[PDB]
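Residue numbers (the deposited numbering), protein chains in the order written: chain A, 31 to 83; chain O, 1 to 52, 52A, 53 to 76, 76A to 76G, 77 to 82, 82A to 82C, 83 to 100, 100A to 100F, 101 to 111. Just so you know, even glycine gets a beta-carbon here, dropped at the ideal spot from N, CA and C.
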Amino acid sequence: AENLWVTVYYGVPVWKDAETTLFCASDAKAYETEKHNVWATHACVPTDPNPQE
Amino acid sequence: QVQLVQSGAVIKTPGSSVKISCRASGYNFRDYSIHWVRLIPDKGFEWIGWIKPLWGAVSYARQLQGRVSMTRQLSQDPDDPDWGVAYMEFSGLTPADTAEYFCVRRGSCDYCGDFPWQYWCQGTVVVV
């Protein structure tokens, strides 16, 4: 028993500070704005109906 | 917001022709047909025809053929290029043509067909 063995874990809650490319989210009413007017609302992905933090 | 604005009411003598305009704005004018329909006192609605703004292709109610002509003009304003005007000319008028004339456009949803008219001009009264 005294002898310990390493056992690997997948799904461990730990993070390192980072930098990375993020991406945009907007809502459906932004596309309902139509009129070919808003910038990049179109290429921009939508938001969440029930956001959770 | 879609907006259809027609020319004003007019009095016409029998044998005349009337030309009604319908200024359409708030959407891409080329992308939707415009229909014309008349509401006749004591007789109800009568569909007149449609026009498709891209080529200006048209279809006229069989019973009105020979008396109706539809045309359109596309905006020539470089910073406001997407609106347009639809015109309907109705000829050989008689008192029976005394009616309120509307230009109309379908809704833009997925299940919207061609004939359910979500948008209406304010109407043009023609008295012959």
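Next on the checklist: Checking 8 angstroms against the spacing of the C-beta atoms, do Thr71/A and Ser56/A come in under that value?
Outcome noted: For the purposes of this step, residue 71/A is taken as the residue at position 41 of the first sequence. For the purposes of this step, residue 56/A is taken as the residue at position 26 of the first sequence. Yes, the pair counts as a contact, with Cβ atoms nearer than the cut-off.
Checklist entry - Ends of the alpha helix (DSSP H) at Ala58/A? => result Residue numbering aside, residue 58/A sits at position 28 when the first sequence is read from its first letter. Taken as a continuous stretch (DSSP letters only), the alpha helix (DSSP H) holding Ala58/A covers 58-61.
Next on the checklist: Determine whether the beta carbon atoms of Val5/O and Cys104/O lie at a separation below 8 angstroms.
Outcome noted: As a position in the second sequence, residue 5/O is number 5, starting the count at 1. As a position in the second sequence, residue 104/O is number 121, starting the count at 1. Yes; because the gap between Cβ atoms is below 8 angstroms, this pair is in contact.
Next on the checklist: For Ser16/O, tell me which candidate among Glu81/O, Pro76D/O, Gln101/O has the shortest Cα-Cα distance.
Outcome noted: Along the second sequence, one-based indexing puts residue 16/O at 16. Closest by alpha carbon: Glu81/O.
Checklist entry - Roughly how far, in whole angstroms, is the beta-carbon of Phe29/O from the beta-carbon of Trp76F/O, given that I think they are within contact range, below 8 angstroms? => result Taking the first residue of the second sequence as position 1, residue 29/O is located at position 29. Taking the first residue of the second sequence as position 1, residue 76F/O is located at position 83. With a Cβ gap of about 6 angstroms, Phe29/O and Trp76F/O count as contacting.
Next on the checklist: For a test of the three-state rule: what should DSSP assign to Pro76/A, helix, strand or coil?
Outcome noted: Taking the first sequence and counting its residues from 1, one reaches residue 76/A at position 46. Note: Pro76/A maps to strand in three-state DSSP.
Checklist entry - In whole angstroms, what is the alpha-carbon distance linking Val2/O and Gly96/O? => result On the second sequence, position 2 is the one that residue 2/O refers to. On the second sequence, position 107 is the one that residue 96/O refers to. If I take the Cα positions, the gap works out to 10 angstroms.
Checklist entry - How many angstroms separate the CA atom of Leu39/O from the CA atom of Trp47/O? => result Start at 1 with the first residue of the second sequence, and residue 39/O comes out as number 39. Start at 1 with the first residue of the second sequence, and residue 47/O comes out as number 47. Taking the straight line from one Cα to the other gives about 9 angstroms.
Checklist entry - Does the distance from the C-beta atom of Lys12/O to that of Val109/O stay below 8 angstroms? => result Position 12 of the second sequence, counted from the start, is the residue given in the question as residue 12/O. Position 126 of the second sequence, counted from the start, is the residue given in the question as residue 109/O. Result yes, Cβ atoms of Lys12/O and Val109/O sit closer than 8 angstroms.
Checklist entry - Helix or strand or just coil, what does DSSP make of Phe29/O? => result Taking the first residue of the second sequence as position 1, residue 29/O is located at position 29. Of the three classes helix, strand and coil, the one that applies to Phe29/O here is helix, per DSSP.
Checklist entry - Near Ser82A/O, which residues of its chain fall below 6 angstroms by C-beta distance, leaving aside the five closest residues on each side in sequence? => result Translated into positions along the second sequence, residue 82A/O becomes position 91. Within the same chain, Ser82A/O has close Cβ partners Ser17, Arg66.
Checklist entry - For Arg66/O, does the three-state DSSP call read helix, strand or coil? => result Stepping through the second sequence from its first residue, residue 66/O is reached at position 67. Correct three-state label for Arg66/O: coil.
Next on the checklist: From the DSSP secondary-structure annotation, give me the bridge partner or partners of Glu49/A.
Outcome noted: Counting from one through the first sequence, the residue named residue 49/A turns up at place 19. Paired residues: none, contrary to the question.
Item to check | C-alpha gap between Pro76D/O and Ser74/O, whole angstroms | outcome: Mapped onto the second sequence, residue 76D/O falls at position 81. Mapped onto the second sequence, residue 74/O falls at position 75. One C-alpha to the other measures close to 5 angstroms.
Checklist entry - Just the Cα atoms here: how many angstroms apart are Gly106/O and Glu83/A? => result Taking the first residue of the second sequence as 1, we reach residue 106/O at position 123. Taking the first residue of the first sequence as 1, we reach residue 83/A at position 53. Answer to the nearest angstrom: the Cα atoms are 53 angstroms apart.
Checklist entry - Which partner residues of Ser58/O appear in the DSSP bridge assignment? => result Counted from its first residue, the second sequence places residue 58/O at position 59. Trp50/O.
Checklist entry - Does the distance from the C-beta atom of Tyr102/O to that of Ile20/O stay below 8 angstroms? => result What you label residue 102/O is simply residue 119 of the second sequence in a count that begins at 1. What you label residue 20/O is simply residue 20 of the second sequence in a count that begins at 1. Cβ distance not < 8 angstroms, so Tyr102/O and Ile20/O don't count as in contact.
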